[PDB]
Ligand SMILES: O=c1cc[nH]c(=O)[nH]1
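Have a look below at one chain only, the form solved without uracil (URA), in structure tokens format.
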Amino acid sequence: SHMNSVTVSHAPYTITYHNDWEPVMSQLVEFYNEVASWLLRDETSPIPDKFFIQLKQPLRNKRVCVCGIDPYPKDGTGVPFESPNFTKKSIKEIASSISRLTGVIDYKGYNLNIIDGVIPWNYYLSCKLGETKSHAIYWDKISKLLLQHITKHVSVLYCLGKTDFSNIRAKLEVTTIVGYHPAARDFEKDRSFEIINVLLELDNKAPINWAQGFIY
């Protein structure tokens, strides 16, 4: 069924997750306990209470995963790409791409987490405040475990960042696009890489309406 379950750890001490994540929660508890103490030492983005909040998303209704390597170095919320005040460069560049693709001119913000069929994801679920990929060693196996579970549900995996994702062993056993980082210099590639996965969808599944992410 569709429900939220619960599991015990140490800081945030309790992880609430949607039913769909069950197959993975036993190993995630094992992995997090042997790692948390090394991890919690630093000021993190997001705060420990927000590490796993994205596990409250169902995967049954997801067909696309938009994956960044890790949360914003500062002001991370626990929801990947989310910037509640729309000041973070990465989500502003995605918004502009979508704006250009769809034809939507006016908007106050953009959020990938409110689009039907889309789960936004952070490969590593944290980093030390102000330092990208700084907690990579701690999430290692957890990261592989959770992306393995996601790619069983979603049809398209869209990774943002070529060098960010350059050395990452991961899943075995679907359609992957390794596009540029949203804040890359030189546009056509960014914008076409988001239009290209609705036609990868067409081969079987329903399209994504990327404009559902716009906040007015």
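Start at 1 and count along the sequence shown; that's the residue number. Here the rigid core means the biggest group of C-alpha atoms that line up within 1.5 Å when the two forms are laid on top of each other.
Another form, the form deposited with uracil (URA) bound, is not on view; read the next lines as being about it.
Chemist: From the list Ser96, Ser134, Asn113, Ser90, which entry has a heavy atom within 4.5 Å of uracil (URA) in the bound PDB entry?
Modeler: Answer to the contact question: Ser90.
Chemist: For the chain shown here without its partner, which stretch in 23-31, 146-154, 66-74, 36-44 has non-hydrogen atoms within 4.5 angstroms of uracil (URA) in the bound PDB entry?
Modeler: The contacting stretch here is 66-74.
Chemist: Test of understanding: in the bound PDB entry, would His181 fall inside 4.5 Å of uracil (URA) by heavy atoms?
Modeler: Within the cut-off, so yes.
Chemist: Determine whether the C-alpha of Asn33 shifts by 2 Å or more between this form and the one not shown once the rigid core is superposed.
Modeler: The answer is no; the displacement is under 2 Å.
Chemist: For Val24, is the CA shift between this form and the one not shown at least 2 Å following rigid-core superposition?
Modeler: No; that C-alpha moves by less than 2 Å between this form and the one not shown.
Chemist: So, superposing on the core, is the move of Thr14 at the CA at least 2 angstroms between this form and the one not shown?
Modeler: Comparing the forms between this form and the one not shown, which are aligned on their rigid core, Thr14 does not shift its C-alpha by 2 Å or more.
Chemist: Can you tell whether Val156 sits closer to or farther from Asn167 in the bound PDB entry than it does here, judged by CA atoms, where the change is 3 Å or more?
Modeler: Relative to the displayed form, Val156 and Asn167 draw closer in the bound PDB entry - a change of at least 3 Å between their C-alphas.
Chemist: A 3 angstroms or greater change in CA distance between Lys152 and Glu201 is reported in the bound PDB entry. Closer or farther than in this form?
Modeler: Farther apart in the bound PDB entry, by 3 Å or more.
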